[PDB]
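The block underneath contains the structure these notes are about, expressed in structure tokens.
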Amino acid sequence: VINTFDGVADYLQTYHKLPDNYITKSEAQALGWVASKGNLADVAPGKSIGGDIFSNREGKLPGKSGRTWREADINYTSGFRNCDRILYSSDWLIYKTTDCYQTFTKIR
């Protein structure tokens with residue numbers, strides 16, 4: 025499993041998709057993931073949440089017409105999700121957050 029900021033960042037720029045250990049929230053939900061119980065590791069062992077569209081509502085990430093932002097969890101192993109996320113755009117800009125989307129800094 026590739027779940028580090030560098031690991032995932034390098035993977036995305038080359039293969040243009042997340043590593044296989046990622047599943048979207050709806051996917052996770054379909055497998056019986058219950059957010060309030062922090063049971064992801066139980067229902068989807070070795071998987072992390074990733075690949076969902078990130079709105080960029082507050083315009084904190086560089087916008088563009090036709091640019092889509094997606095996110096993925098970083099450093100997750102089990103229990104409740106953390107506040108680590110990687111943010112990647114359709115034109116492969118990569119940003120990070122370690123505070124639940126409060127602040128972003130470029131990594132690629």
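Residue 132, in the numbering used here, is where the sequence shown stops; the numbers in between run on with no holes. The beta carbon of each residue, even a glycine, is placed where N, CA and C say it ideally should be.
- Rounded to whole angstroms, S50 and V32 show a C-alpha spacing of 21 Å.
- Straight-line measurement puts the Cα of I77 at about 23 Å from the Cα of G103.
- For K49, the enclosing alpha helix (DSSP H) has its first and last residue at 49-54.
- The C-beta distance from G74 to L111 rounds to 11 Å, too long to meet the 8 Å contact threshold.
- With respect to the 7 Å criterion, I131 and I118 are classified as neighbours on the basis of their beta carbons.
- Pairing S113 with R91 gives a Cβ-Cβ distance under 7 Å.
- Cβ neighbours of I26 within its own chain (closer than 7 Å, five residues either side excluded): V32, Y35, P43, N45.
- The straight-line gap separating the alpha-carbon atoms of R94 and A59 is approximately 20 Å.
- The bridge partners DSSP lists for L64 come to none.
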